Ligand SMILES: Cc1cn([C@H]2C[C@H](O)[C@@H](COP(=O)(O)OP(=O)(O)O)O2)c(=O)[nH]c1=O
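A single chain comes next, written as structure tokens; it is the form solved without this ligand.
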């Protein structure tokens, strides 16, 4: 099966691509415009495969995307390209509106023409799988708002949308566009919403990687506000496996939430990392001593937690890692990958 993937040089995207090439019979054409977020080095031990093809393009460029579809005759699409940085363009567009909304619209129109011009067989098997975030659901009650032993609510596929940031609002919109094209034109679409990913090849400035690296450089490990914030951490390699499962076995018109089956406070994440770093790599003092509390960010969602029961029940997917086993692997990865980290920090990675 040939899978056309957008955002393939990204954090999650690269995990998806590496998975398909290393563990499946499928082939992939990766469409990525390589913004500051893309990294071809994250695909380095896969880019020589004859089952992999790279196309340097912007999903907003219809002409180019149309060409690529016509040339590769994809059996399915996995849409991961997105802008997570909220900017403020002078002239016009803010990249996140352009890429996340207009880009999804643009891609949907190319895929619609392509799909409708297919033959009965290939047309009934085609799938447009849209990758999204749990942030579209808004916020959940926090443990300290609900008093003693009351079972807290979880995000399910029928939880109402309630975006609270420009980024999540832009993703919620792309979600709506994907579902409307299905109901209006009959396009084969599927939508998945996942929680926070962590793991190998995550950029240096991200939360978990930042704690691990600052720890090592003898710098401040920040805990924001009370370290209050609750998030459901999903290991990237697990997300990657769920996504391929969904695109190949997912049912058109369905939605699937994906999560790591856990819930953790930021403070717990920082401490867990320090404990691992004390076990592996011991030193003259505990890494804990660099922990420092810092600024809180205004009206931020207090708790995200996903109920992944549906995907388990219907497709049989469950994470293979636990936060414990996953975090350990992550720390080990950063310790063994200084080169990759340094190329990102120096900018060297943007030279292909």
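Note that the rigid core is defined as the largest set of C-alphas that superpose within 1.5 Å between two forms. Positions refer to the first chain, counted from 1.
Below, we refer to the form deposited with this ligand bound, which is not included among the displayed structures.
A.B. asks: Against this ligand in the deposited complex, would residue 213 count as a contact residue? Criterion: heavy atoms within 4.5 Å.
C.D. replies: Outside the cut-off, so no.
A.B. asks: At 4.5 Å between heavy atoms, is residue 206 in contact with this ligand in the deposited complex?
C.D. replies: Contact check for residue 206: yes, within 4.5 Å of this ligand in the deposited complex.
A.B. asks: Does residue 255 reach this ligand in the deposited complex if we count a contact as any heavy atom within 4.5 Å?
C.D. replies: No, residue 255 is distant from the partner.
A.B. asks: Give a yes or no for residue 263: in the deposited complex, does one of its heavy atoms lie within 4.5 Å of a heavy atom belonging to this ligand?
C.D. replies: Heavy-atom contact with this ligand at 4.5 Å: absent for residue 263.
A.B. asks: Would 105, 109 and 179 all count as contacting this ligand in the deposited complex, using a 4.5 Å heavy atom cut-off?
C.D. replies: Negative, none of the three is within 4.5 Å.
A.B. asks: Mind telling me which stretch in 283-291, 299-307, 45-53, 317-325 gets its heavy atoms within 4.5 Å of this ligand in the deposited complex?
C.D. replies: Contact-bearing stretch, as computed: 299-307.
A.B. asks: Though this ligand is not shown, can you say which of 85, 183, 251, 122 has a heavy atom within 4.5 Å of it in the deposited complex?
C.D. replies: None of the others qualify; the residue that does is 85.
A.B. asks: Answer with one of 166, 138, 222, 141: the residue that has a non-hydrogen atom within 4.5 Å of this ligand in the deposited complex.
C.D. replies: So the residue touching this ligand in the deposited complex, by this definition, is 222.
A.B. asks: So which residues in 43-78, when you check this ligand in the deposited complex, have a heavy atom no farther than 4.5 Å from it?
C.D. replies: Contacts from 43-78: none.
A.B. asks: Would you indicate which listed residue, out of 116, 184, 89, 71, moves its Cα by 2 Å or more between the shown form and the other one relative to the superposed core?
C.D. replies: By this measure, the answer is 89.
A.B. asks: Superposing on the rigid core, do we see a C-alpha displacement of 2 Å or more at residue 293 between the shown form and the other one?
C.D. replies: Comparing the forms between the shown form and the other one, which are aligned on their rigid core, residue 293 does shift its C-alpha by 2 Å or more.
A.B. asks: Taking the rigid core as the reference frame, is the Cα of residue 167 displaced by 2 Å or more between the shown form and the other one?
C.D. replies: Superposed on the core, residue 167 moves its C-alpha less than 2 Å between the shown form and the other one.
A.B. asks: Against the rigid core, is the Cα displacement of residue 222 between the shown form and the other one at least 2 Å?
C.D. replies: It does, since the residue 222 C-alpha is displaced 2 Å or more between the shown form and the other one after the core fit.
A.B. asks: Please say whether the CA atoms of residue 93 and residue 166 come closer or move farther apart in the deposited complex, knowing the change relative to this form is 3 Å or more.
C.D. replies: Pair moves closer in the deposited complex.
A.B. asks: Quick one: residue 86 and residue 236 C-alpha atoms, closer or farther in the deposited complex compared with this form (3 angstroms or more)?
C.D. replies: Closer in the deposited complex, by 3 Å or more.
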